file final-v4.txt (compact mmCIF, C-alpha atoms and all ligand atoms)
# COMPACT_ATOMS: atom_id res chain seq x y z
CA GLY A 1 -10.31 10.62 -22.21
CA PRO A 2 -7.84 8.54 -24.22
CA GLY A 3 -5.22 7.97 -21.49
CA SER A 4 -2.87 10.79 -22.47
CA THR A 5 -5.32 13.23 -20.90
CA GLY A 6 -4.97 11.21 -17.67
CA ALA A 7 -1.20 11.22 -18.11
CA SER A 8 -0.65 14.97 -18.55
CA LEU A 9 -3.10 15.73 -15.72
CA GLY A 10 -1.10 13.65 -13.24
CA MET A 11 2.00 15.34 -14.58
CA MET A 12 0.28 18.69 -13.92
CA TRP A 13 -0.40 17.49 -10.40
CA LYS A 14 3.27 16.47 -10.04
CA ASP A 15 4.59 19.86 -11.19
CA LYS A 16 2.13 21.54 -8.80
CA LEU A 17 3.23 19.37 -5.90
CA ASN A 18 6.89 20.02 -6.57
CA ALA A 19 6.39 23.79 -6.95
CA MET A 20 4.83 24.04 -3.47
CA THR A 21 6.61 25.66 -0.53
CA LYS A 22 7.33 23.57 2.59
CA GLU A 23 4.37 25.43 4.13
CA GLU A 24 1.84 24.58 1.39
CA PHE A 25 3.20 21.02 1.09
CA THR A 26 2.91 20.16 4.79
CA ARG A 27 -0.62 21.60 4.73
CA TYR A 28 -1.70 19.91 1.51
CA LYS A 29 -0.09 16.59 2.50
CA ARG A 30 -2.81 15.99 5.14
CA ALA A 31 -5.76 18.21 4.05
CA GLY A 32 -8.96 16.12 4.06
CA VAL A 33 -6.95 12.91 4.38
CA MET A 34 -8.12 10.21 6.78
CA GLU A 35 -5.52 9.93 9.54
CA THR A 36 -5.11 7.31 12.22
CA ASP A 37 -4.16 8.87 15.59
CA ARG A 38 -0.76 7.57 16.71
CA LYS A 39 -0.28 9.26 20.12
CA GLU A 40 -0.53 5.97 22.00
CA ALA A 41 0.98 3.78 19.26
CA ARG A 42 4.14 5.93 19.02
CA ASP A 43 4.66 5.53 22.78
CA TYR A 44 4.53 1.70 22.62
CA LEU A 45 6.90 1.83 19.63
CA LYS A 46 9.39 4.19 21.33
CA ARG A 47 9.22 2.21 24.59
CA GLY A 48 9.20 -1.16 22.79
CA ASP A 49 6.11 -2.62 24.48
CA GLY A 50 5.41 -5.37 21.96
CA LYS A 51 2.47 -6.56 24.07
CA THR A 52 -0.04 -4.37 22.17
CA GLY A 53 -2.73 -4.87 19.52
CA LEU A 54 -2.21 -1.37 18.17
CA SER A 55 -0.93 -1.10 14.61
CA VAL A 56 2.81 -1.14 14.04
CA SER A 57 2.36 1.37 11.19
CA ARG A 58 -0.30 3.29 9.20
CA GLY A 59 -0.51 0.47 6.65
CA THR A 60 -2.83 -1.59 8.85
CA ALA A 61 -5.70 0.92 8.53
CA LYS A 62 -5.22 1.17 4.75
CA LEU A 63 -5.52 -2.59 4.47
CA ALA A 64 -8.44 -2.69 6.86
CA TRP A 65 -10.37 -0.18 4.69
CA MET A 66 -9.56 -2.14 1.54
CA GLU A 67 -10.74 -5.41 3.09
CA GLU A 68 -13.82 -4.22 4.97
CA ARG A 69 -15.07 -2.73 1.70
CA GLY A 70 -14.24 -5.91 -0.15
CA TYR A 71 -11.53 -5.23 -2.71
CA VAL A 72 -9.68 -8.28 -1.37
CA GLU A 73 -10.56 -11.53 0.39
CA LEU A 74 -7.84 -12.50 2.86
CA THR A 75 -7.99 -16.29 3.16
CA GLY A 76 -5.46 -19.13 3.53
CA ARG A 77 -1.78 -18.43 2.90
CA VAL A 78 -0.84 -14.76 2.59
CA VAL A 79 2.49 -13.73 1.11
CA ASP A 80 3.47 -10.15 2.04
CA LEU A 81 6.05 -8.85 -0.46
CA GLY A 82 7.79 -5.76 0.95
CA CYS A 83 6.27 -5.79 4.44
CA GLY A 84 8.38 -3.03 6.11
CA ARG A 85 7.27 -2.91 9.76
CA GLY A 86 4.57 -5.57 9.25
CA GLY A 87 1.39 -3.46 9.44
CA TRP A 88 -0.31 -5.43 6.68
CA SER A 89 1.10 -8.78 7.83
CA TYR A 90 -0.21 -8.16 11.34
CA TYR A 91 -3.57 -7.23 9.87
CA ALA A 92 -3.66 -10.26 7.59
CA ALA A 93 -2.83 -12.41 10.64
CA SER A 94 -5.67 -11.03 12.78
CA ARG A 95 -8.16 -12.24 10.18
CA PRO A 96 -10.24 -15.47 10.67
CA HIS A 97 -9.84 -17.20 7.25
CA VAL A 98 -6.06 -16.63 7.09
CA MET A 99 -3.71 -19.60 7.65
CA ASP A 100 -0.01 -18.75 7.21
CA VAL A 101 1.59 -15.35 6.52
CA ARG A 102 5.01 -15.12 4.92
CA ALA A 103 6.32 -11.58 5.23
CA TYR A 104 9.40 -10.51 3.25
CA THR A 105 11.33 -7.23 3.20
CA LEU A 106 14.88 -5.77 3.19
CA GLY A 107 15.00 -4.01 6.56
CA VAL A 108 18.56 -3.09 5.74
CA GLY A 109 19.82 0.43 4.96
CA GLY A 110 17.45 2.75 6.81
CA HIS A 111 14.63 0.51 5.55
CA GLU A 112 11.70 -0.42 7.77
CA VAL A 113 12.53 -3.38 10.02
CA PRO A 114 9.76 -5.83 10.96
CA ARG A 115 8.51 -4.90 14.42
CA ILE A 116 8.05 -7.84 16.74
CA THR A 117 4.85 -7.58 18.70
CA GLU A 118 2.24 -9.84 20.30
CA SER A 119 -0.62 -8.56 18.10
CA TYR A 120 -3.41 -11.11 17.60
CA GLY A 121 -2.08 -13.80 15.22
CA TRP A 122 1.68 -13.25 15.41
CA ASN A 123 2.43 -16.99 15.73
CA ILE A 124 1.41 -17.70 12.11
CA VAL A 125 3.47 -14.74 10.86
CA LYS A 126 7.02 -15.46 9.67
CA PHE A 127 9.26 -12.50 8.74
CA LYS A 128 12.42 -12.67 6.67
CA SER A 129 14.60 -9.61 6.36
CA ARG A 130 17.48 -9.12 3.93
CA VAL A 131 15.17 -10.26 1.11
CA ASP A 132 14.83 -8.82 -2.38
CA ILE A 133 11.27 -9.54 -3.51
CA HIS A 134 12.22 -9.31 -7.21
CA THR A 135 14.52 -12.33 -6.80
CA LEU A 136 12.56 -14.27 -4.17
CA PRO A 137 11.63 -17.57 -5.83
CA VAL A 138 7.92 -17.79 -6.62
CA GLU A 139 5.94 -19.82 -4.09
CA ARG A 140 2.28 -20.94 -3.97
CA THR A 141 -0.16 -18.55 -2.31
CA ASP A 142 -3.80 -17.57 -1.96
CA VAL A 143 -3.14 -13.84 -1.60
CA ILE A 144 -0.40 -11.69 -3.14
CA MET A 145 0.16 -8.54 -1.05
CA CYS A 146 2.65 -5.87 -2.12
CA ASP A 147 2.83 -2.36 -0.67
CA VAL A 148 6.08 -1.30 -2.42
CA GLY A 149 6.80 1.98 -4.19
CA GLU A 150 9.51 4.49 -3.33
CA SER A 151 8.26 7.98 -4.22
CA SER A 152 10.35 10.48 -6.20
CA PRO A 153 10.01 14.01 -7.58
CA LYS A 154 10.52 12.52 -11.09
CA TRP A 155 7.34 10.77 -12.24
CA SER A 156 9.25 8.68 -14.83
CA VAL A 157 11.29 7.34 -11.95
CA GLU A 158 8.03 6.72 -10.02
CA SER A 159 6.59 4.94 -13.07
CA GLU A 160 9.71 2.86 -13.69
CA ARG A 161 9.54 1.66 -10.08
CA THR A 162 5.80 0.96 -10.48
CA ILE A 163 6.34 -1.24 -13.57
CA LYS A 164 8.88 -3.55 -11.93
CA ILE A 165 6.15 -4.05 -9.32
CA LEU A 166 3.54 -4.86 -11.99
CA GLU A 167 5.90 -7.45 -13.52
CA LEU A 168 6.38 -8.79 -9.98
CA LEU A 169 2.62 -9.41 -9.71
CA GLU A 170 2.47 -11.05 -13.12
CA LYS A 171 5.29 -13.46 -12.17
CA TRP A 172 3.66 -14.39 -8.85
CA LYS A 173 0.27 -14.67 -10.53
CA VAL A 174 1.46 -16.93 -13.37
CA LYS A 175 2.12 -19.60 -10.72
CA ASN A 176 -0.99 -18.59 -8.72
CA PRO A 177 -3.56 -17.51 -11.32
CA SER A 178 -6.53 -17.86 -8.97
CA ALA A 179 -5.13 -15.92 -5.98
CA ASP A 180 -6.28 -12.47 -4.75
CA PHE A 181 -3.96 -9.48 -5.04
CA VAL A 182 -3.58 -6.07 -3.47
CA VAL A 183 -0.80 -4.17 -5.23
CA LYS A 184 0.46 -0.62 -4.76
CA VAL A 185 0.56 1.43 -7.95
CA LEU A 186 2.80 4.37 -7.05
CA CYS A 187 2.39 6.12 -10.39
CA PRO A 188 -0.85 5.02 -12.03
CA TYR A 189 -1.11 8.14 -14.24
CA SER A 190 1.90 7.50 -16.50
CA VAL A 191 1.25 6.16 -20.02
CA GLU A 192 3.30 2.99 -19.51
CA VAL A 193 1.64 2.12 -16.23
CA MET A 194 -1.86 2.60 -17.63
CA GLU A 195 -1.34 0.29 -20.61
CA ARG A 196 0.30 -2.45 -18.51
CA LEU A 197 -2.49 -2.00 -16.00
CA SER A 198 -5.32 -2.53 -18.52
CA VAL A 199 -3.52 -5.49 -20.13
CA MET A 200 -3.24 -6.99 -16.63
CA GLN A 201 -6.89 -6.29 -15.94
CA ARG A 202 -7.82 -7.97 -19.22
CA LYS A 203 -5.85 -11.00 -18.05
CA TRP A 204 -6.58 -11.04 -14.28
CA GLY A 205 -9.65 -8.84 -13.66
CA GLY A 206 -9.61 -6.46 -10.69
CA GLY A 207 -9.31 -2.68 -10.78
CA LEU A 208 -7.94 0.52 -9.26
CA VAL A 209 -8.89 1.88 -5.86
CA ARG A 210 -7.84 5.09 -4.13
CA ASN A 211 -7.35 4.69 -0.38
CA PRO A 212 -8.75 7.51 1.80
CA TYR A 213 -5.74 7.17 4.13
CA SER A 214 -3.24 7.90 1.33
CA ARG A 215 -1.72 11.35 1.65
CA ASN A 216 -2.51 13.92 -1.08
CA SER A 217 1.24 14.06 -1.70
CA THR A 218 1.25 10.55 -3.19
CA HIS A 219 -0.90 9.52 -6.15
CA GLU A 220 -0.78 5.93 -5.04
CA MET A 221 -3.65 3.68 -5.91
CA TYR A 222 -4.24 0.00 -5.30
CA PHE A 223 -4.77 -2.66 -7.93
CA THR A 224 -6.89 -5.29 -6.22
CA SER A 225 -8.44 -8.57 -7.42
CA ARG A 226 -12.05 -7.78 -6.43
CA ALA A 227 -12.48 -4.19 -7.63
CA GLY A 228 -13.34 -3.19 -11.19
CA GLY A 229 -14.13 -0.37 -13.60
CA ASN A 230 -12.32 1.63 -16.23
CA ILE A 231 -8.70 2.16 -15.18
CA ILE A 232 -8.19 5.44 -17.05
CA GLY A 233 -11.49 6.72 -15.62
CA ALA A 234 -10.44 5.69 -12.11
CA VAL A 235 -7.06 7.42 -12.28
CA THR A 236 -8.49 10.60 -13.85
CA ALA A 237 -11.11 10.81 -11.07
CA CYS A 238 -8.28 10.48 -8.59
CA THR A 239 -6.13 13.17 -10.30
CA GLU A 240 -9.19 15.42 -10.39
CA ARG A 241 -9.66 15.26 -6.61
CA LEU A 242 -5.94 15.55 -5.81
CA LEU A 243 -5.80 18.74 -7.87
CA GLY A 244 -8.87 20.20 -6.18
CA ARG A 245 -7.56 19.58 -2.66
CA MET A 246 -4.80 22.10 -3.40
CA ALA A 247 -7.19 24.80 -2.22
CA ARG A 248 -8.02 22.68 0.85
CA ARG A 249 -6.38 24.40 3.85
CA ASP A 250 -8.04 22.45 6.69
CA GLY A 251 -6.40 19.62 8.63
CA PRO A 252 -6.74 15.85 8.26
CA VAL A 253 -9.78 13.82 9.35
CA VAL A 254 -8.48 12.18 12.54
CA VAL A 255 -9.69 8.67 13.34
CA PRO A 256 -8.67 6.30 16.19
CA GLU A 257 -5.95 3.74 15.49
CA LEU A 258 -6.79 0.10 14.92
CA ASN A 259 -6.38 -2.25 17.81
CA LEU A 260 -6.19 -5.87 16.71
CA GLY A 261 -5.78 -7.03 20.28
CA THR A 262 -3.08 -9.22 21.78
CA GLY A 263 -2.96 -13.01 21.30
CA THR A 264 -2.13 -16.22 19.40
CA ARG A 265 -4.18 -18.35 16.94
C1 LIG B 301 5.18 0.88 2.22
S1 LIG B 301 6.28 -0.29 3.07
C2 LIG B 301 5.13 -1.57 3.58
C3 LIG B 301 3.99 -1.06 4.45
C4 LIG B 301 3.55 -2.19 5.35
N1 LIG B 301 2.53 -3.00 4.69
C5 LIG B 301 3.15 -1.61 6.70
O1 LIG B 301 1.97 -1.41 7.00
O2 LIG B 301 4.01 -1.32 7.53
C6 LIG B 301 7.06 -1.19 1.71
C7 LIG B 301 8.40 -1.77 2.14
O3 LIG B 301 8.97 -2.59 1.14
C8 LIG B 301 10.38 -2.44 1.18
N2 LIG B 301 11.01 -2.75 -0.11
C9 LIG B 301 11.23 -1.91 -1.16
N3 LIG B 301 11.85 -2.59 -2.14
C10 LIG B 301 12.04 -3.87 -1.73
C11 LIG B 301 12.62 -4.99 -2.34
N4 LIG B 301 13.13 -4.90 -3.57
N5 LIG B 301 12.66 -6.19 -1.65
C12 LIG B 301 12.13 -6.28 -0.38
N6 LIG B 301 11.57 -5.16 0.21
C13 LIG B 301 11.52 -3.98 -0.45
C14 LIG B 301 10.65 -1.03 1.63
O4 LIG B 301 11.75 -1.07 2.49
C15 LIG B 301 9.40 -0.66 2.39
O5 LIG B 301 9.64 -0.61 3.78
call {"tool": "encode", "arguments": {"input": "final-v4.txt", "output": "structure tokens", "more": "lines below"}}
Ligand SMILES: C[S@@+](CC[C@H](N)C(=O)[O-])C[C@H]1O[C@@H](n2cnc3c(N)ncnc32)[C@H](O)[C@@H]1O
result
Amino acid sequence: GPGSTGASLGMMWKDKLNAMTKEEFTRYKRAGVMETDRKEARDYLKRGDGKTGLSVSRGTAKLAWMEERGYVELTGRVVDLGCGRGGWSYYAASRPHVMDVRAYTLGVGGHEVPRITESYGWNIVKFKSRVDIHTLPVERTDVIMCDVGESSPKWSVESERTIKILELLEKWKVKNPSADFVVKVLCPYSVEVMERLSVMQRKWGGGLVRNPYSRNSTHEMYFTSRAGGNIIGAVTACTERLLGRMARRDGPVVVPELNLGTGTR
């Protein structure tokens, strides 16, 4: 495929997601998706028992899966652009080769607020809320982490939002050319995103990965420093599966939550 084939396929997927009923959507959303079980975690969150190693969100697992399979090498200083509740930050912290973790996010108008918790490594985590990552002055880092991307029914909106994030990586990577990156690509199937993505690969290496834990309702993929392959091929593969799961009626694949344990480093 040239890239336009990839593009119109994702757009087919989008139209088919939007045309669903609430019934079909809620079913499809989770069908065959890996799902961390939050029964216990939700209780600690509702109660506010910050003395827990359990994940503050479902981002932790996503990051775990990325890292255990080796699409990123979390070492040294780890900047977490757009950290919401801190699920990635708290994961990054629990990891041996990781020194300092700067977590940034808004946490402002119904936006996820960093959750304070005694998960293993919290002392080397430093949150800042009321922060706009796009204007946060570039600092030196070993790892650039960015899980940002507000979904939308309009793919061109989704792609627009994805591009600002790709330019955010470039900026942060021009000062830190040798650092690892895991970067959300909310709309990898659009024509603009694909061309920027391959240009960035040409410059920085890395590639696209689809996370099992991502819901079928989002087409999100991750651009990481240690993966590789054809980008168009990777997105198309992803679109192919997401389209096929529309006949999937079964539930999610439920897996236990991550426990990072309680403690300091
Ligand atoms: C998907 S969440 C992060 C998930 C996180 N790693 C976790 O596991 O909890 C991304 C967060 O970035 C925030 N965000 C979006 N745009 C931002 C911006 N311009 N500046 C700072 N934060 C932003 C959103 O509020 C959102 O909560």
call {"tool": "closest_residue", "arguments": {"input": "final-v4.txt", "among": "A:117, A:216, A:152, A:141", "to": "residue 98 of chain A", "atoms": "only C-alpha atoms"}}
result
A:141
call {"tool": "residues_near_ligand", "arguments": {"input": "final-v4.txt", "ligand": "ligand LIG 301 (chain B)", "cutoff": "10 Å", "atoms": "all atoms listed in the file", "output": "MDAnalysis selection string"}}
result
chainID A and resid 55:63 80:92 103:115 128:136 145:150 161 164:165 184
call {"tool": "closest_atom_pairs", "arguments": {"input": "final-v4.txt", "of": "segment 44-145 of chain A", "to": "segment 218-240 of chain A", "cutoff": "12 Å", "atoms": "only C-alpha atoms", "output": "CSV"}}
result
residue,atom,partner,partner_atom,distance
A:62,CA,A:222,CA,10.2
A:63,CA,A:222,CA,10.2
A:65,CA,A:222,CA,11.7
A:66,CA,A:224,CA,8.8
A:67,CA,A:226,CA,9.9
A:69,CA,A:227,CA,9.8
A:70,CA,A:226,CA,6.9
A:71,CA,A:226,CA,4.5
A:72,CA,A:226,CA,5.6
A:73,CA,A:226,CA,7.9
A:74,CA,A:225,CA,11.0
A:142,CA,A:225,CA,11.5
A:143,CA,A:225,CA,9.5
A:144,CA,A:224,CA,9.6
A:145,CA,A:224,CA,9.3
call {"tool": "atom_distance", "arguments": {"input": "final-v4.txt", "atom1": "atom CA of residue 53 of chain A", "atom2": "atom CA of residue 182 of chain A"}}
result
23.0 Å
call {"tool": "atom_distance", "arguments": {"input": "final-v4.txt", "atom1": "atom CA of residue 210 of chain A", "atom2": "atom CA of residue 97 of chain A"}}
result
25.1 Å
call {"tool": "atom_distance", "arguments": {"input": "final-v4.txt", "atom1": "atom CA of residue 262 of chain A", "atom2": "atom CA of residue 139 of chain A"}}
result
29.4 Å
call {"tool": "closest_residue", "arguments": {"input": "final-v4.txt", "among": "A:188, A:177, A:263, A:96", "to": "residue 11 of chain A", "atoms": "all atoms listed in the file"}}
result
A:188
